[PDB]
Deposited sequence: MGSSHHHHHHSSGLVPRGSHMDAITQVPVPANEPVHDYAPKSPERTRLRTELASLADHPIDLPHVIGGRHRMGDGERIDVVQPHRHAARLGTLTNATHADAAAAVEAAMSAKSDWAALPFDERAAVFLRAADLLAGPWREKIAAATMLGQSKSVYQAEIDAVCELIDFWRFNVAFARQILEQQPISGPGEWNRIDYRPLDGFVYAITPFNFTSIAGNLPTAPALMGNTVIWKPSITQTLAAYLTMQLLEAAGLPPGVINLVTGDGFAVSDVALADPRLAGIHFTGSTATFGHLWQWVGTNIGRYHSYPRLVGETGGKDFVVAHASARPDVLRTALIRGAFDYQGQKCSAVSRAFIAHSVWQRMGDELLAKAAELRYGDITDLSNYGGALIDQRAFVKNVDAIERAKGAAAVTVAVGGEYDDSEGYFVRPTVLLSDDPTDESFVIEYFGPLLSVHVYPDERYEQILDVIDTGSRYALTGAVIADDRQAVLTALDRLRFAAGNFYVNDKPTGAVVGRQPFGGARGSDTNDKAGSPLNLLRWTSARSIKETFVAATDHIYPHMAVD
């Protein structure tokens, strides 16, 4: 090869609507029936070998219909974990020695497979196992994962061409090496996109990986692994180990070849892994790159100039999309009294009518909560709210785990200015207290990933962007604060977090490299003496 090649130019994948009579709806139904009617083994995928292991068998079910099994996995044992580590270390040399363009082709090809023949399958599997409506499955499992692959390939190519100045007499270049060691990718239930990206991002840059997906996302994960295999991912570059991950960590965090951890999920899990790696820091051949994101909860503030209709829709969608189970969901709204008079009743009537049920009925707005643990935490939050003097349940609050893990959309009214679920707290404040409410938000916020202001008044908007500059990761104007699209709304971690390097920009990819400068001098000095030293 004698070339300076360019990659295809990425653009965001269009979101299909699955409207009645559309051909994608019909294709989705065929995939929904096929996955739901033929449950499978969900094995470990180690050095290209699909194998059930010897650890306990654990079923993956439809959260919205928990009697209906989708598959059964086995809990990784220590020997499984040790096999995944050795297979990653064994694939490394032939993977790192493939040219970037051939590595990139794998992910570009996976993107195009996901965009086309696998589209409704990966969407259906995400709908079924994670309890997502077709819209939620589409923006995540299809569009966001496709965009991660195409955009990462573009970002990587952009990194490779960042090169230094050459002075007279020399040539300086930079080589973006992979890491020495394996990468451990641990992924959450709630996004099939994040589950795919976490292991493939470091892989693109020449690394090999063990991937520990969430149990309740393991159907879409296994199918993501199969898609990558059909795209030409070589055996052992990414190794999938199923289960709770406890035995995987026992092995991986003890191995001196651990190069880094790529994690998204709860702050409790992050802290544990973080303290563990710190406790063991003396064993590692290299300082492990810890790249992680943890949760928060989002807020909306509506100014007296807010459009009522926009506000109501941003609260319903922001709080209740995916049953409030995104990275963050709208949990706290601060609404000016005069705007509350115009849209308060409608917000409550619409929340009352919103349909949660079986997501194979495309009527429904959404599905169930992810598992019995989530359902219990939501029951407890609701009962705490019923008993707290400072909060009234204005609508919702009902729950029933008999057919699925269902919690109704719930709105709490609070007169005073955790869990993940469809619970929205609304405080109504006097219009003239806008600035004082901004201060409350600023003083009490450590865990907002995104905030929003709803206001037509430019001065009110700029006042929010200024005063709340540090009170939230990302910040939205006149829209819901959820649903970052790749290439468009990067970053967005919690306050005080160190998250410039999260998924969605070139900075994540640089975490999976170790850059080196190469300097060549054409005519170097042949006498050591310097001009100052002369008589």
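Unmodelled segments of the deposited chain, in sequence order: 1 to 20, 438 to 444, 563.
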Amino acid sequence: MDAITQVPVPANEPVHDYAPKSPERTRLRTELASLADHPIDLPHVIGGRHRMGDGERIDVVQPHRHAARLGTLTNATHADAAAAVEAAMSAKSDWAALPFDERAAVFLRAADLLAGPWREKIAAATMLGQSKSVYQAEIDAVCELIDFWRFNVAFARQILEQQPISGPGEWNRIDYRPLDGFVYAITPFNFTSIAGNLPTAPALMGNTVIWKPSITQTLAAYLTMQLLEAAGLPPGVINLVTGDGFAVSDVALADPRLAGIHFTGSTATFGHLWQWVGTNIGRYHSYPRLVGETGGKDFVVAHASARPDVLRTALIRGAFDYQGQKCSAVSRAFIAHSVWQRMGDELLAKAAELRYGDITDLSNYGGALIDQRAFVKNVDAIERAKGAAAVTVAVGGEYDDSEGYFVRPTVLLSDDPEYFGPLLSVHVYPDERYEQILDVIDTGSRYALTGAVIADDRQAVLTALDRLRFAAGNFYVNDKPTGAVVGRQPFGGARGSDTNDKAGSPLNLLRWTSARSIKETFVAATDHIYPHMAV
From here on, numbers count along this sequence of modelled residues.
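So that the term is clear: the rigid core is the largest set of C-alpha atoms that superpose within 1.5 Å between two forms.
Take 159 to 167 and 258 to 266, fit the other structures onto the shown form by the rigid core, and average the C-alpha distances in 4 other deposited structures of this protein: the farther stretch is 258 to 266. Larger average C-alpha displacement in 4 other deposited structures of this protein, relative to the shown form after a rigid core fit, is seen for 488 to 496 when comparing 488 to 496 with 51 to 59. Looking at the other PDB entries for this protein, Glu403 is present in the model in all of those that include the residues around it, rather than absent from a third. For the cut-off of one third of the other compared entries, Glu418 qualifies: that many or more give it no coordinates while modelling its flanks. The PDB entry records a higher mean C-alpha B factor for 7 to 15 than for its counterpart among 512 to 520 and 7 to 15. A summary of the deposited B-factors shows that, of 372 to 380 and 310 to 318, the stretch with the larger mean C-alpha value is 372 to 380.
Highest C-alpha temperature factor among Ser497, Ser505, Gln62, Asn478, as the PDB entry reports it: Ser497.
Which of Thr72, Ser286, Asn190, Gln163 has the largest Cα B-factor in the deposited entry comes down to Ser286. Among the modelled residues of its chain, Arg332 has a C-alpha B-factor that falls in the middle third, as given in the PDB entry. Per the PDB record, residue ranking by Cα B-factor puts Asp147 in the lowest third of the chain.
In the deposited entry, the Cα temperature factor of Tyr184 places it in the lowest third of its chain's modelled residues. In the PDB entry, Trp340 places in the middle third of its chain by CA B-factor. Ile281: CA B factor in the highest third of modelled residues in this chain (values from the PDB entry).
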